[PDB]
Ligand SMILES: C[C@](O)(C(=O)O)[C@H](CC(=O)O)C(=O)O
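The chain below stands alone, shown as structure tokens; this is the form solved without this ligand.
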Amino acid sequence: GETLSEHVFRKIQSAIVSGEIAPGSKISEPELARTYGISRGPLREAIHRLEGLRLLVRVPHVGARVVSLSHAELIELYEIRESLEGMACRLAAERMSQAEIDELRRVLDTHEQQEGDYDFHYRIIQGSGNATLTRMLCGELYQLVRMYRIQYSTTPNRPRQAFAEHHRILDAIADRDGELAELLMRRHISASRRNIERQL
């Protein structure tokens, strides 16, 4: 079972990621507490966790604000993403069983929108054999990625460019070439960042 402080966290985290609460919105704490009817005891525990995930920001006199969704935060998020997703492909090419790679191939063929992208990257991170890697990618970093993409959709020709990048990454993992797969993942993540930048 979950605690009350955890139920409030994820329901707030979903409203921020999906866009129900706009970026930069001031969080009315006694007001939002009336929406769920729970004391401020465990409520600060929820807000403090969202500040650590850099979904909210602590303003010193005023209180908590939804993150700026700015250019500097985008560079911060894709720096770590490039390093973590890169080493995930390096370990996946080393550790993914054969049957794991064909399953990764099926998911690619069928999807031939942003959740099909999640499916491809999720297996690779899972195939890396590192649970701490999954917590930082799928648990923390992918939450801020999801709310940049909702506010800034992909450009018309991106899904075709990104799909070919996926095929080359999978082919390097199947060939057990971790050095090439890490390099291809970095280019693919860097291409995703430049897409969001062109719409800021």
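One-based numbering along the sequence shown. Whichever C-alpha set is largest while still superposing within 1.5 Å between the two forms counts as the rigid core. Only residues modelled in both forms are compared.
One more form of this protein, solved in complex with this ligand, exists but is not displayed; see below.
Colleague: Once this ligand is overlaid from its position in the deposited bound form by fitting the nearby C-alphas, are 3 or more of its atoms within 2.4 Å of backbone or C-beta here, so blocked, or is the site open?
Modeller: Pocket blocked on this form.
Colleague: Picking from 159 to 167, 30 to 38, 43 to 51, 64 to 72, which part of the chain touches this ligand in the deposited bound form when contact means heavy atoms within 4.5 Å?
Modeller: That would be 159 to 167.
Colleague: Does any heavy atom of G129 come within 4.5 Å of a heavy atom of this ligand in the deposited bound form?
Modeller: The answer is no: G129 has no heavy atom within 4.5 Å of this ligand.
Colleague: With the cut-off set at 4.5 Å between non-hydrogen atoms, does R58 touch this ligand in the deposited bound form?
Modeller: Taking the distances in the deposited bound form, the answer for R58 is no, it never comes within 4.5 Å of this ligand.
Colleague: Mark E82 yes when one of its heavy atoms lies within 4.5 Å of a heavy atom of this ligand in the deposited bound form, and no otherwise.
Modeller: Because no heavy atom of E82 falls inside 4.5 Å of this ligand in the deposited bound form, the answer is no.
Colleague: Does at least one non-hydrogen atom of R135 fall within 4.5 angstroms of this ligand in the deposited bound form?
Modeller: Although this ligand is absent here, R135 would stay clear of it in the deposited bound form, with no heavy atoms inside 4.5 Å.
Colleague: Look at the candidate spot formed by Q114, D117 and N195 and say whether this ligand comes within 4.5 Å of a heavy atom in all three of them in the deposited bound form.
Modeller: All three within 4.5 Å in the deposited bound form.
Colleague: For the stretch 6 to 25, return the residues whose heavy atoms include at least one within 4.5 Å of this ligand in the deposited bound form, in the order they occur.
Modeller: Stretch hits: zero.
Colleague: Using the rigid core for the fit, write out the stretches of 3 or more consecutive residues with CA shifts of 2 Å or more between the shown form and the other one, ordered by sequence.
Modeller: Run moving 2 Å or more: only 113 to 116.
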